[PDB]
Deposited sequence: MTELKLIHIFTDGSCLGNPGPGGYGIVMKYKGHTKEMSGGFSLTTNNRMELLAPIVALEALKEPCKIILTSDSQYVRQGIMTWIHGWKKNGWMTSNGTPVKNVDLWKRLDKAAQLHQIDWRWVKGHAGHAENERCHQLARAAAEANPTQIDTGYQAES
């Protein structure tokens, strides 16, 4: 039995590109924790994507994950683009490397370690908490660089 973990994820960068950040709520049994992060310049797509990756990368063994996200960007990668890209060597239709490849390869790598059940949202209470986390980090005058951006 892997541990059962619930992960909730958000990114926010409104003004896009511009400074932004990400938020994460992790639940195990009774325990809940939060991470967040801010960047001086990033996209909303990168934040939405970084948030599940930072939460996954933080785990200390393999686990069974229920992962809930609001991002149509992340959803479509998981369901369609990733398989597509991976079997095209992380090139798009123009031979160009995938925009945000740094991040997609981190997610794909991280996803393999875990039993992930992906939940896609439109309002879930850990997700709202995430949006608060992301907005605060984005608003705390971040200087940190998004290196892959």
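Stretches of the deposited sequence left without coordinates are 1 to 2, 125 to 127, 155 to 158, in sequence order.
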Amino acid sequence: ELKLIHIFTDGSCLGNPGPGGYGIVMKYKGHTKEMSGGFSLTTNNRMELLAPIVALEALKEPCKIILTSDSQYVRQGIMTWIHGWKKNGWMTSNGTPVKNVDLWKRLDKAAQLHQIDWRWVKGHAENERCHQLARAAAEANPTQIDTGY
From here on, numbers count along this sequence of modelled residues.
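The stretch 102 to 110 shows the higher mean C-alpha B-factor when 102 to 110 is compared against 47 to 55 in the entry. As recorded in the PDB entry, 89 to 97 is the stretch of 24 to 32 and 89 to 97 with the greater mean C-alpha temperature factor. Per the PDB record, residue ranking by Cα B-factor puts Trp81 in the highest third of the chain. Sorting the modelled residues of the chain by their CA temperature factor places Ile5 in the middle third.
Per-chain ranking of the deposited C-alpha B factor places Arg119 in the lowest third.
Among all modelled residues in this chain, the alpha-carbon of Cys13 has a temperature factor (C-alpha) in the highest third.
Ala137 sits in the middle third of its chain by CA B factor, as recorded in the PDB entry.
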